[PDB]
Each structure stands twice: as C-alpha cells, then as structure tokens.
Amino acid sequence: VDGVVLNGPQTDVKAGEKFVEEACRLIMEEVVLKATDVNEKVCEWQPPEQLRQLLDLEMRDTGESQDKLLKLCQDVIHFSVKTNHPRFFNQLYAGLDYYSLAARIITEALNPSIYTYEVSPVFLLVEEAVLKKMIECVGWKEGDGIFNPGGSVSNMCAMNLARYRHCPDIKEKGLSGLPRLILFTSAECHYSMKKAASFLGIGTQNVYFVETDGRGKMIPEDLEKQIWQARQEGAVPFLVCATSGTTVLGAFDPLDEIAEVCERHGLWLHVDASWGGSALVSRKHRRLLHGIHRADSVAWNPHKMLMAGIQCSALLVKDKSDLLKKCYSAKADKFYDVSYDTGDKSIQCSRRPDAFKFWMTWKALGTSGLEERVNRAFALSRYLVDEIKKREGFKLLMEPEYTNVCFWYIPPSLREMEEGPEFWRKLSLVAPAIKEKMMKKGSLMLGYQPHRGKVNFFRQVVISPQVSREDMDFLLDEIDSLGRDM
C-alpha cells in the first residue's frame, strides 16, 4: 500500500461468491426440480399495488444484507409466473429444456458479446454451425444469417434488406425523393410487420393486406391484384411477407404458389416462420412450409416451439455475396480471417450468443429428438381436438393446421340460445372472466383474444413435451368448472 484516492482491492469476494452458489440452489430447489410438478400453482396472483408491499423495490443509498437479498430472490421466484409449469399455455413458448438452460447459465457467467471472433471465438463458430443447419432444414444449398433479439426484429431486418436490395442507394439518400415503397402481407400477420413499416420510414398506410381464405391462408390470386393496383397507383412494390404459422390460428400461407407470384414481378419474398419454422425439423409436418426453399429470406424463433429459452430468433438469407454486410456495414486489419466477424451484419453492436443454447439442445437430442418433440405436440394438439368435439359447450373455430387450438367455451346459460348479435355480445365476456379465475387459482393459464370479426375465444398452444394427455383433460375439466355457472 498505498495511493490516492486510496487503493487496495476493497472487495468481499468470498462472500459475494456464496450468493452465486446460494442462488444456484434456489434455481434447483425452487425451479428446476419443481418444474414438472403439476401440483404447483402456475402463478401466485397479486395485483400491482399489493405486490409492491411484498417485494421492497426501493433502491436506497445503502445496500442490504445477504439474508435480505436472498429473501428478495426467494420472493422473486415465488411471485413470478411459472413458464416452465406444464399447465402454462398462455404464450407461444413454455416448458423448461434442461440442456438449453445449462447452456443459458454458462453464457450468463462468461458474459460474452458477439462483436468479433477475438471476443467470442466459440460462440461465433456455433452460430455458424446452427445457421448452416437451419439453412439445410429450409432446403437451400447456401445462405447467410444472424441471430436477432426477437423474430419481430428479424422481420424488420428482412424488410430493410429487401429495400436495400431494391435500391441500395436508400442507405445513403434515404426515402425523401423516392416513390412509395409498398410491401404486401396477410391480415393474419404478426403486428411486428406494422411496427416495422413505421420504424423503417415506410409507413403503415403502405402495408397492403391481402385477403385470406377460410383457413387463414393468403390468397395468391388476390396478391396479383394488389401488385398491379400498387403499380397503377404509381407506387413501387418491393416485398411480400408470408407467414408460415400465424400467432392466433397458426395458419400456413402457400409458399410455392406465392413464390410463383413473387418471381413473375421480381419481388423479395420473406417468410415469417417465427412460429411454424420449427416444423421444418419434422419430416412428417415440414410440408406445412412447402416451397419455403423458393423464398429469399426466412425468420425462425427456436425459443418458441423448441424451448431454446428467451431470446432466440434467426434471420436467414438466400445470399452468399455478403449482402447482409453490404446492407449493415459501418465504421470501425490484422491478424486473422476477419471473415469470422459479424459485427457489421446486424443493427446492434453488442449481442448475446442466443444461438448457443439452441446448439446445446440440438446436440443433446439430435434432429431425431427434436423431430419427436414437434410431432408429439401435434398429437397432443389433435388429442385435445378429439376431446373438445366430444364435449358440449366447447365450439371449435376450425381444425387447427398447427398446434393453435382455438375454441369458445359456451356456458350452459347461453346454450339453446340463437346465433344472433345478442348471443355473441354475451359470449364475449366469458373467456375474460374464465381467465380471471384461473389466474387467481393459479391452476391454469390460457390466452383469450378477439381476431378478425370473431369475438373473445380461447387459444391453446401445446409445446412442452412434459404436457400429458391428462393435462389436456384437466384443461377442459378446469375451464368447464369455472364457466359452468356463467
């Protein structure tokens, strides 16, 4: 010693290291080992103003003792939704993949960023591997891609690419003097298509929506109409965005008949497979994405159907001439193959190795194990279907094309009624009220939402391979019980 302004190490490491070991056990005791126990509440509901009185969130000038901090962690787990609980069907993700989680913890400790090979050599070789594999599942011989934070941004990137490819001078000039650029998507499209059009300075008014048929599928005959009208307005079409697996219904646009339309006019074709993309793993169901190999770009989120954990979404491009680079290049030599850097393919600088956790799963299960996981979801989906039809008071909107089982629950008081406006206006308030109860019970969680002209209906999503047939029987047994007297 010493110096100014006072030097040493000043740290209480060996204690702070225990807090990490103690947190690890909380994960094991209170999450990992209780992950498959159906006998636990999916959520400990407490309104906002009551949960504030339970957590002590104020960050004061002084710290808190290790006991008080371990209490917070004890509570943070107790009061949060259990996304791993087998009875969690509230989102397009659920369950706990043990192998992806172990990889997830690793990434957290190393705390790597994927600027370049010199900081993340392993994880950059893994992203190369995963992207190459995914590109095979699509059917391309070569390609290119990056991992974005959420398939929402993946679509944004693909929209920005289709604009750069159409007129790469937009990167420098901007859109001031350019005519109206127009993209075409289905009205069943994710809403990130809307945020994107605005964000990229294209405007939501320039997102032409193509009519869908009775199954939620885009109609390629109409698309030709919308592309000629756009031109005849003086506007410049440049992109078509189909969806292979919508969020609500799980529909699958016909990519082979859309590709034939995009190729007649030379328009980028982007397929939003954030949800249905994982079906490409199954030889049995990968036909849902027939013709995807004719698109120019594909979005795919493994954190959904394959339980990679949040976040994990990839954008794949059919190019190999560094178009990704040519589009996202900016400022910044020796001494290694600089090709293995990717800092200038993305809009972000820092980035986490989202693709590594998936790699850990694919190694642990192989394509064969992932194939079975996707296929089983379809079985459990179609099982719930067969059981829903047996019951009265459960109306199915349609046979699902994916694992999105959309149905109403009609209480007995509303049966023998007539299919008129007055009937719907009352059926509307059923799902939201059945959701209020199952959230206070902590025994179930399903999504309710309107769609198109349809009023509040349920959407069920089978993903986790811990779900059992008995978890589907309980779904209908539970909803029935909570809405029997409504």
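Quick note: we count residues from 1 along the sequence shown, nothing fancier.
Count the deposited residues lacking coordinates between residue 332 and residue 333 and you get 4 to 9 of them. Stretches 101-109 and 152-160 differ in mean CA B factor, with 101-109 having the higher one. Just going by the entry, 333-341 versus 353-361 on mean CA temperature factor gives the higher value to 333-341. In the deposited entry, the Cα temperature factor of residue 43 places it in the middle third of its chain's modelled residues. Sort the modelled residues of the chain by CA B factor and residue 399 lands in the highest third. The deposited CA B-factor of residue 456 belongs to the lowest third of values across its chain. Per-chain ranking of the deposited C-alpha B factor places residue 180 in the middle third. For residue 116, the recorded CA temperature factor ranks within the highest third of the chain's modelled residues.
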